[PDB]
Novice: 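Below is one structure. I have some questions about it.
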Amino acid sequence: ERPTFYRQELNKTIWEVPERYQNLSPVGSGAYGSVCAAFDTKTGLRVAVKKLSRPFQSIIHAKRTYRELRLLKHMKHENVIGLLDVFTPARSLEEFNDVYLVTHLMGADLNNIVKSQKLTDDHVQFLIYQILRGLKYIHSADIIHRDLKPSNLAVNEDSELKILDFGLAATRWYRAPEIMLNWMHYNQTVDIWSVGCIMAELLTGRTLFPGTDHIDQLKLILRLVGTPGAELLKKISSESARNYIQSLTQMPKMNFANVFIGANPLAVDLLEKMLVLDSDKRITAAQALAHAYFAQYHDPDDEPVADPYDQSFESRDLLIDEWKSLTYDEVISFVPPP
Ligand SMILES: CCc1nc(-c2cccc(C)c2)c(-c2ccnc(NC(=O)c3ccccc3)c2)s1
């Protein structure tokens, strides 16, 4: 049942992959490992193959490898990066040292389709719809992305979009204010804040909150969404955090209609619901998909949710060989998608 593997050196690393993956071509590398483009002769698909670096070097590396693999195996949605294949040239656990991950080759992210231009309202609808459809699924697995930005959104020529965690082979511009401040209780709508920032930028052709630094970022945010009202302040536990809010100059929320000039009034309404300062009042991914702005794309019967995602491993402190063994189990149990 094991396919025939072949060796090949690139960039200065011995790749050992099953024969089905042909014409390996390095696309990039980093501290995580290396990625090659390949042709999958089994499927006729152009795939990316990633060889992890130092997957089991330490307890932390091993747990990270297991984390990454477990998550990828669980993410099964059109708008979220998933797994076509996972393999190892190892024939046993004792042999097991390398992990390779396989996914659809992606050639572009949101930045390089947009090219910092105004997109049409129809195009924005389609892109934002997809992000939110992916987010609904992600959030239903009780996961928060936390790092949504244009570089974490892969987009093909047909503007079909997938959410990434790591980009292709600043961030503060899309971060929710509660993360910018050190408010130690955030919800999934931190990702909705990010989506609103992305949406605004797609519509306007300009970064919504291009802060120069941490402080500037919050200044820019608060100028638009206002300083915390009395309802929000009542939910802030630390005196000094409230002291920090009050010390800074008090400004009203701007009317987004007087900000996003010429935009579809439904786009403006949705942005208002995404960019509420109080995260308790921020629209969810599922509620946003039902918003009238998405009427041409919304299908309540094809916006699926994820299976329950068991994240209990996160609280465990195990030895390297235990994490390695658990990862090995996940490699061998992988069933390709249909
Ligand atoms: C930075 C860490 C990365 N990991 C992957 C990856 C590869 C295989 C499997 C999985 C789960 C992730 C990446 C990936 C996935 C799919 N496509 C790409 N493609 C590219 O990076 C790319 C860039 C320019 C031109 C052509 C291709 C990268 S990037």
Side-chain angles (χ1 to χ4, degrees), residues 5 8 10-11 13 15-18 20-57 61-89 98-115 130-131 134 137-138 141 143 145-171 306 309 327-328 330-337:
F5 285 71
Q8 195 173 3
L10 33 87
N11 212 258
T13 262
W15 286 61
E16 191 152 30
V17 302
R20 77 185 264 187
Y21 304 112
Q22 282 291 109
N23 320 284
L24 267 65
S25 205
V27 277
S29 65
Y32 63 85
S34 295
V35 181
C36 282
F39 182 69
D40 182 0
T41 57
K42 213 278 175 78
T43 57
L45 294 166
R46 301 172 56 107
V47 295
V49 185
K50 171 162 75 185
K51 187 185 173 170
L52 305 189
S53 61
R54 322 183 173 275
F56 310 117
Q57 174 163 128
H61 270 111
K63 185 177 186 168
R64 181 181 295 137
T65 298
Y66 178 75
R67 176 179 299 121
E68 177 182 2
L69 189 52
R70 279 281 310 281
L71 185 51
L72 284 154
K73 288 182 60 174
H74 198 71
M75 294 294 99
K76 297 179 177 196
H77 187 281
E78 302 93 323
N79 304 117
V80 184
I81 190 100
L83 219 46
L84 291 175
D85 197 7
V86 47
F87 64 83
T88 178
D98 290 310
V99 178
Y100 296 80
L101 302 175
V102 181
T103 198
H104 305 274
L105 184 68
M106 298 165 307
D109 70 29
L110 186 63
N111 290 315
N112 53 58
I113 276 90
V114 173
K115 299 170 201 288
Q130 284 177 93
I131 300 171
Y137 180 89
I138 292 168
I143 297 158
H145 187 291
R146 287 178 188 83
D147 200 29
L148 283 183
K149 52 194 162 67
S151 71
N152 272 334
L153 306 162
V155 183
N156 65 21
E157 299 285 58
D158 298 332
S159 284
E160 300 169 332
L161 176 149
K162 304 190 179 305
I163 302 167
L164 322 175
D165 286 328
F166 37 78
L168 297 176
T171 295
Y309 186 47
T327 304
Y328 189 67
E330 294 291 329
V331 171
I332 74 166
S333 72
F334 180 76
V335 186

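Every number for a ligand or one of its atoms is a count from 1 in the order of the listing. Start at 1 with the first residue, then count along the sequence.
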Novice: Ignoring angles and geometry beyond distance, decide whether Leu105 reaches within less than 3.5 Å of ligand 1 through its nitrogen or oxygen atoms.
Specialist: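 No, since none of the N or O atoms of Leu105 sits under 3.5 Å from an N or O of ligand 1.
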Novice: For the CD1 atom of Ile113 and the CG atom of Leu161, what is their distance to the nearest 0.5 Å?
Specialist: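 Taking CD1 in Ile113 and CG in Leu161, the distance rounds to 9.0 Å.
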Novice: Report the nearest protein non-hydrogen atom to atom 28 (C) of ligand 1: residue, atom name, distance rounded to 0.1 Å.
Specialist: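 Closest protein heavy atom to atom 28 (C) of ligand 1: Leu168 CD2, 3.8 Å.
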Novice: Is the side chain of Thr65 donor-acceptor paired with the backbone N or O of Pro55 at a distance under 3.5 Å, no angle test?
Specialist: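 A pair under 3.5 Å: yes.
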Novice: At under 4.0 Å between heavy atoms, which part of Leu101 makes contact with ligand 1: side chain, backbone, both or neither?
Specialist: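 Looking at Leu101 and ligand 1, atoms from backbone and side chain both fall under 4.0 Å.
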Novice: Any N or O of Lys50 that comes nearer than 3.5 Å to an N or O of ligand 1?
Specialist: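 Min N/O separation from ligand 1 is below 3.5 Å for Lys50.
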Novice: Quick one: sort the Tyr100 and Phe87 rings into parallel, tilted or perpendicular, breaks at 30° and 60°.
Specialist: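 It falls in the parallel class, under 30°.
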Novice: Can you pull out the closest protein heavy atom to atom 10 (C) of ligand 1? Residue, atom name and distance to 0.1 Å, please.
Specialist: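 The closest heavy atom on the protein side is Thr103 CG2, 3.8 Å.
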Novice: Given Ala37, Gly107, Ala38, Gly82, which one has a non-hydrogen atom that is nearest to atom 25 (C) of ligand 1?
Specialist: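 Looking at heavy atoms only, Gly107 sits closest to atom 25 (C) of ligand 1.
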Novice: Do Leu110 and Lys149 touch side chain to side chain, with heavy atoms closer than 4.5 Å?
Specialist: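 A side-chain contact under 4.5 Å is absent here.
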Novice: Which atoms of ligand 1 are found less than 4.0 Å from any heavy atom of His104?
Specialist: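 Those qualifying, in numeric order: 16 (C), 17 (N).
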Novice: Check for me whether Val27 has a heavy atom closer than 4.0 Å to any atom of ligand 1.
Specialist: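 Per 4.0 Å heavy-atom rule, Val27 contacts ligand 1.
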Novice: Once side chain to side chain contact (heavy atoms under 4.5 Å, CB included) is applied, do any residues pair with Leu83, and if so which ones, sequence neighbours excluded?
Specialist: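 For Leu83, the residues satisfying side chain to side chain contact (heavy atoms under 4.5 Å, CB included) (neighbours in sequence not counted) are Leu69, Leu72, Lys73, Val86, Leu101, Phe334.
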Novice: Does any N or O in the side chain of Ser53 come within less than 3.5 Å of the main-chain N or O of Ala31, such that one atom is a donor and the other an acceptor?
Specialist: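 Such a contact is found between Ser53 side chain and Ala31 backbone.
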Novice: Is there a polar contact, in the sense of an N or O pair closer than 3.5 Å, between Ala169 and ligand 1?
Specialist: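 Between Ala169 and ligand 1 (N or O atoms, distance only) the closest approach is under 3.5 Å.
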Novice: What residue and heavy atom of the protein are closest to atom 13 (C) of ligand 1, and at what distance?
Specialist: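 Ranking protein heavy atoms by distance from atom 13 (C) of ligand 1, first comes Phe166 CE1, 3.9 Å.
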Novice: Looking only at protein heavy atoms, which one is nearest to atom 20 (C) of ligand 1, and what is the separation?
Specialist: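 For atom 20 (C) of ligand 1, the nearest protein heavy atom is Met106 O, 3.3 Å.
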Novice: Do any side-chain atoms of residues 41-49 form donor-acceptor pairs under 3.5 angstrom with protein atoms, and if so which ones, sequence neighbours left out?
Specialist:
residue	atom	partner	partner atom	Å
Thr41	OG1	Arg20	O	2.8
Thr43	OG1	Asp40	OD2	2.9
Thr43	OG1	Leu45	N	3.3

Novice: Mark up the atoms of ligand 1 that fall under 4.0 Å of a heavy atom belonging to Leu72, in ascending order.
Specialist: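 Listed by number with element, the hits are 11 (C).
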Novice: Under 4.0 Å from any heavy atom of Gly167, which atoms of ligand 1 are there?
Specialist: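 Selected atoms, number and element: 1 (C), 3 (C), 29 (S).
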Novice: Among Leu153, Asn79, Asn152, exactly one meets side-chain contact (heavy atoms from CB on, under 4.5 Å) together with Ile131. Which residue is that?
Specialist: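 So, applying the side-chain contact (heavy atoms from CB on, under 4.5 Å) to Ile131 and each of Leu153, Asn79, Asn152, only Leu153 qualifies.
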Novice: Can you find a pair of side-chain heavy atoms, one from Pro336 and one from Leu84, that are under 4.5 Å apart?
Specialist: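 No, every pair of side-chain atoms sits at 4.5 Å or beyond.
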